[PDB]
Amino acid sequence: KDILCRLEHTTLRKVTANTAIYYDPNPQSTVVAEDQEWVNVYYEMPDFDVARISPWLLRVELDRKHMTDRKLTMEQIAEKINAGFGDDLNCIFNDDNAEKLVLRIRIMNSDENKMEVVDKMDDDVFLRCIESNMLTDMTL
Amino acid sequence: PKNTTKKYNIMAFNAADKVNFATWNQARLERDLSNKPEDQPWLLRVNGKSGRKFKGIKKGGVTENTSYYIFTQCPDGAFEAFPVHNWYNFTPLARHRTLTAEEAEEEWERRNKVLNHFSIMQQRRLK
Amino acid sequence: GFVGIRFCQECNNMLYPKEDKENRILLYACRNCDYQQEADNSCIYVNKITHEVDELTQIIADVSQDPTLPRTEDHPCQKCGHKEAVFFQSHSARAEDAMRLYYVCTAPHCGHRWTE
Amino acid sequence: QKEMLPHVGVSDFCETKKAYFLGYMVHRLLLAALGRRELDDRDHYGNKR
Amino acid sequence: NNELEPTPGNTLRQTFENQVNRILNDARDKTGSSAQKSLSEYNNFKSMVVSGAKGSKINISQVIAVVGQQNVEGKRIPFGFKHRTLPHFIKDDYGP
Ligand SMILES: [Zn+2]
Ligand SMILES: [Zn+2]
């Protein structure tokens, strides 16, 4: 089962259970959600520059039954989220012991390196783009 | 009183838009402007230019199905019932805004089409 | 729990989510007009993916009038101690991979519905 | 007026009827999308005349 | 009762159909074996089948036994009548 779990094209579409795109301007208090203790790791580095993360949260929840047979851990899901996209995006994930599925993607400003015309896309729409591309096309 | 030939109508609004609410002070009619001819949509206004204009198109089935008499309170001794000549529902329009009648025939959302735009870029064009 | 739309109070063209770059509070400004209003809820998009237990919902009460559905005198109604509940399966394109038999009371104006 | 949906009407005062019916078709399409109603069957003899 | 567990690699409808079809087919096979052991050496069906002329054991069954499940397109008779197979059966009737 496990050595040949490395097949079957597990895509985040069937691993996830829910999703939600939120507006959190200050992450320290996720007034939109009910998990503020996870923010305590927004204390050293969200890969850099807390002052330049976009305020749009993409809360994705991952069913644990679907995830427990493939055993594809949120550590590995995090690895793939990093690798496939890089540092343009970000992430921070709960432990598995939480029993409440959660993982959150944040879009670094992408002007974070260097800061008024027709947009690439408003970050609102562009989070509904990484909510399809990553949901169907990512190969976990 | 039947000899009198004043023909009653129906002015109906959707529960969506706010009803007259008596904030309508004085203006409630125009029936002909829709020339482009005896029967054409009404085009109504609101106490002059400033207000929320709207149009009423008639009802297909009003009399053939079942006639709708209008029994009135008639504060006098008697009561009266009038056959409704026609029914037409009013929809708020005349755009209360600017309309893009040419739009340079844009691409249908295949391009980025950053939303909340093409209407803030516009209203800046033309001052 | 997104409010599928909140139509404009002025032009009736489906308010959309916009960001207040000045004060940084969520807004719902229209596009065709210029109206803008503040936002009570901060969820702009909620796709789950899988589903919830929503077949206890989306089962209208009038189905107790169907002469083609089974009637069981066991499993009585909870809302009222009346017997004779009608029961069916999901009847949905998403079968839930289950044979959950949803019941519905057949005493008039009860309309209680429950899975067991 | 004349080609789109003739059966609901052809007169000049049936825009609302045509709108309600086209809305009902988009409603049935959305219900088939979500999954509430099942897709209709071509072999079912009630659907044949 | 939702106490049925999906056999490895199949949905619940699939394991339900598998179990009901296995029961029905074991029923037909045992019924046919009893039918074929009910025969006499002078029977002519048995003469023609143990000879080789014509007919199979399944036919000696279907004449004195159950006829068997009628499969259409590899499945039991579909719910082609809006959740029933014929207006005489009540809705959601997966029975034999
Ligand atoms: Zn508006
Ligand atoms: Zn009851």
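Things worth noting here:
- Of all residues making up segment C:1-41, the number that are within 16 Å of ligand 1 (Cβ to nearest atom) and closer than 27 Å to B:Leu99 by Cβ: 25
- First in segment D:7-20 and assigned to a loop (DSSP other than H, G, I, E, B), second anywhere and aromatic (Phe, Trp, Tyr), Cβ under 8 Å, 6 or more apart: D:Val8/D:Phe21
- Checklist (1) touching a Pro at 6+ places or on another chain (Cβ under 9 Å); (2) surrounded by 13 or more Cβ atoms within 10 Å (Cβ to Cβ) applied to C:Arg24, failing item: (2)
- When we screen A:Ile92, A:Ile53 for residues that are on the phi < 0 side of the Ramachandran plot, crowded, with 18+ Cβ neighbours inside 10 Å and of a type outside the set (S, T, N, Q), the only hit is A:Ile53.
- Of all the residues in segment E:63-76, those that are surrounded by 14 or more Cβ atoms within 10 Å (Cβ to Cβ) and more than 30 Å from E:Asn43 (Cβ to Cβ) number 1.
- Any hit, segment B:61-82, residues being surrounded by 13 or more Cβ atoms within 10 Å (Cβ to Cβ) and within 17 Å of B:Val19 (Cα to Cα): no
- Candidate set from segment C:73-116 (those that are more than 18 Å from the chain's Cα centre (by Cα) and small (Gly, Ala, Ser)); member that is farthest from ligand 1 (Cβ to nearest atom): C:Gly81
- Yes/no for A:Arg13 being within 9 Å of chain C (Cβ to nearest Cβ) and basic (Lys, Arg): yes
- Restricting segment C:31-86 to residues that are among the charged types (D, E, K, R), within 14 Å of chain A (Cβ to nearest Cβ) and assigned to a loop (DSSP other than H, G, I, E, B), the residue that is nearest to ligand 2 (Cβ to nearest atom): C:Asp54
- Qualifying strands (runs of 3 or more DSSP E) (wholly inside segment B:7-103; at least 3 residues being under 12 Å from the mean Cα position of the chain (by Cα) and more than 16 Å from ligand 2 (Cβ to nearest atom)): B:11-13, B:42-44, B:54-58, B:88-92
- Residue tally, condition within 14 Å of chain B (Cβ to nearest Cβ) and surrounded by 14 or more Cβ atoms within 10 Å (Cβ to Cβ), over segment A:95-137: 9
Read-outs: derived from the displayed coordinates by stated rules, not from any lab. No Cβ is skipped: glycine too gets one built from the backbone with ideal geometry, and neighbour counts run over all protein chains shown.
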